[PDB]
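I have placed the structure first, in the form of C-alpha cells, so that the comments after it can refer back to it.
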Amino acid sequence: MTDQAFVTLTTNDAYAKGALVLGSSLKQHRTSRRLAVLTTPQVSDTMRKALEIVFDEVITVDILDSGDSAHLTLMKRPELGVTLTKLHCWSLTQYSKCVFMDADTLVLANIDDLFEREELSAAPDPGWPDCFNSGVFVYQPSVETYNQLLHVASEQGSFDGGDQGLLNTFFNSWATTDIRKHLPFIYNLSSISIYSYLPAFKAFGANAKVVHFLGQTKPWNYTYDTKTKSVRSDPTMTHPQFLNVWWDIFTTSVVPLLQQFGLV
Amino acid sequence: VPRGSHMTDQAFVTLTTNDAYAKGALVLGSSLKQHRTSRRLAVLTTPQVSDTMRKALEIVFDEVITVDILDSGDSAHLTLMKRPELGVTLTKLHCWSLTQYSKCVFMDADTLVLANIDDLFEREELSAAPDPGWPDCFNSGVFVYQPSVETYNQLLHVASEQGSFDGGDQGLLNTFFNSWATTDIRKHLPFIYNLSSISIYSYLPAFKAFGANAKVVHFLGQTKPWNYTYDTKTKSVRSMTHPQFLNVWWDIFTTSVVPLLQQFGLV
C-alpha cells in the first residue's frame, strides 16, 4: 500500500545511521509499504538529505518550538523530550496504519505481515513480560489517540522515564487481552535474551525476524574490521551474528550514500 | 472453627530433591498456610531426602509422595535411561500422576508466597507466567495443571523423543504445551504470580512500579535463599526488592521452620 508505512525516529546523527540501516534492511527484504522517518533539529542538514534518499518521507519534529502540539506538555515534564517526539508518530495521519521501529532495530526478514494487526500489538519485554517493549509496535495514526497520550503524559508521565513506560500506562490492556495483539518475540528480539536464556535463543533465535540492539553499546559504536568482516569485543553467538549483519548492511548500503555527502 | 470449604481434590504440589530444597519446601508450604489457603499441600520427595527431614515434611505437608525414578519399576525409568540428564525433570513430571487431585498448582521449592493465591485454581491445563528470558516461553516455576496419567505418558514420550531444549523441565514443558504463547490469554498468569528475583532489579523501574503487588516470588539464580546468611538479631541477610524478599523468606524459615526442624536434628 501507500497509506501504510514503517516509521522510525532519529534524534540525531548517531541514530541517523541506525535509521539508515533499518530502512535499508526493510527495502532489502522487499517491503511493499512506505518508509517514513521523524527527525529533530539535532540531525545535520547533510545527514538529513541522506535520509531523504533512503526514506520516502522525512518529517521534521521540533517540540522545543512553542508552536508544536507537544510543547506545552514538554514544559510540564522536561524529561519526556524524546518520548513526546516519538509520539508524533501518531500524528502521521497520511497513513491508515503503521509499524513503528526504533532506529536501533534491524530487519532480518520480511515483516510486512505485521500490518494484519490492530492498534497496539507489540512483543513482550524480557524485563517485566507483562509490559510490551515499545521497540516495535503496530498502530493506527490518530490525532485523538495522539492528544490522548499527550494528556496521559502530562497527568502521570512515564513510570520509567521513557516512551515504553508511557505507552504501557496508556495501552494497559495489552497484557491481559487479545492474544492476537501479542507479537511473537521474534518480531522484536532483544539482544540480551539471545544470551540470557541462551538455550531458548539457540532453540528459536534462528527464526528471529527483527533484532533490537538495546543496551549499553549501540551497533554504530562497535568497531568493524571490514577485511575480517566482523566486529571487535570463534563467535557463534546470537549478538555478534547480528551485529555483523548490521555492519554488513551499513558498509554495503549506507557508507557509499554517506560518503557522497562527505558524511563518512 | 469457621473452617471454610476444604478442597481435598485440589492441592499445591512442590518438589524436594534433597534436604537443601527440603527447607525451601518447608518455607513454601508454611507461607501457603500462613496466607490461609483452603487447598491441600502435597510434596514429592526422592530417596536423597533424609528420613528425618522427610518426617518434618509430613508435619507441614498433607501428603508426602516418594518418587524414585532410579527404581526400575517407576514409569519414568525407561525414559531416564534414554536421557540421563533429565532426572530431576522426569521426577517433577510425576506431579501429573497425582490423580487424587482434579487440579493442582505446582510450585518449585525456591518460590515464596506473599499472599493468597487460591484463585489460581480458576485457570485450566497449563496456565503459567512468562519467563523474563525469552517471554514467549512460560516459566515452569509456577503453573496450574490437571493431573492425568495420559498427559503424564504424553510428556514422558516427548521427553524420550526430543528431550529438553534447555536440559530442564521448563524446556520440556514448553515444547509440549507449545500453544501457550499464542493462544488463550486467560492462560497467561500475571507476572506477579511467578515473579523472578532478577526482574526486580533488571527492569528495576518496572519493579518499583508493580513489584509491590508481587504475590509469589521465585528465587531463581545462583544463590538460593537457604544459602544466604541471616543475622537473626539485625533481622536480615548478608551481602531493594530482592532483600526485601529474602528477608521475608528468612523470617518465615526462622519463625516457623527452624523450631520444627530443631526439635528433631540439625537446628
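Enumerate the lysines that B:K233 could reach by cross-link, defined here as Cα to Cα under 25 Å, with residues fewer than 8 away along the same chain left out.
The reachable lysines, counting only those whose Cα sits under 25 Å from B:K233, are B:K23, B:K224.
Among B:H157, A:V210, B:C95, whose Cα lies farthest out toward the positive end of the dipole of the protein assembly as shown, if unit charges sit on the beta carbon of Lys, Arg (+1) and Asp, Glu (-1)?
It is B:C95, whose Cα lies furthest towards the positive end.
For chain B, with only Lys/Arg (+1) and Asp/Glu (-1) charged at the beta-carbon, what is the dipole magnitude about the Cα centre, in debye rounded to 20?
920 debye
What is the mean number of Cβ atoms from other protein chains located within 10 Å of the Cβ atom of each residue in peptide A:130-143, rounded to a whole number?
Per-residue shielding by partner chains comes out at 1.
On the principal axes of its Cα set, how long, how wide and how thick is the protein assembly as shown? Give whole Å, largest value first.
Taking the Cα atoms of the protein assembly as shown, the three principal extents are 80, 51, 41 Å.
Looking at region B:141-233, which trypsin sites (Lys or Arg not before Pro) are DSSP coil and have at most 11 other C-beta atoms within 10 Å of their C-beta? Don't skip to the end; give the middle numbers.
Details: sites: B:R186, B:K187, B:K208, B:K215, B:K233; in loops: B:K215, B:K233.
Counting only loop positions with at most 11 other Cβ atoms within 10 Å, the trypsin sites (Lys or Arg not before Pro) in region B:141-233 are B:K233.
Based on the Cα gyration tensor of chain B, what are the three equivalent ellipsoid semi-axes, each the root of five times an eigenvalue, rounded to whole Å and given largest first?
Its equivalent ellipsoid spans semi-axes of 27, 23, 19 Å.
Along each principal axis of its Cα atoms, how long is region B:186-231 end to end? Whole angstroms, biggest number first, please.
39, 24, 18
Identify, among A:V7, A:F132, B:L44, the residue whose Cα sits farthest towards the positive end of the charge dipole of the protein assembly as shown, taking +1 on the Cβ of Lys and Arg and -1 on the Cβ of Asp and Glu, with the dipole about the Cα centre.
Selected residue: B:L44.
Within straight cross-link reach of B:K82, meaning Cα distance under 29 Å, which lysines are found once same-chain residues fewer than 8 apart are removed?
List returned: A:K202, B:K92.
Identify all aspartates and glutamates with a Cα-Cα distance to A:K229 below 14 Å; exclude those on the same chain that are fewer than 8 residues away in sequence.
Qualifying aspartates and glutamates at Cα under 14 Å: A:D248.
Holding the Cα-Cα limit at 20 Å, pick out from A:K86/B:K208; B:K215/B:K235; B:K33/B:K103; B:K33/B:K215 the pairs that are longer than that. Walk me through the numbers before you get to the answer.
Working: A:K86/B:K208 25 Å; B:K215/B:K235 22 Å; B:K33/B:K103 18 Å; B:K33/B:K215 14 Å.
Result: A:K86/B:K208; B:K215/B:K235 exceed 20 Å.
Values quoted throughout were computed directly from the atomic coordinates according to the rules given, and no laboratory measurement underlies them. Backbone-built Cβ (ideal geometry, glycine too); neighbour counts: all protein chains shown.
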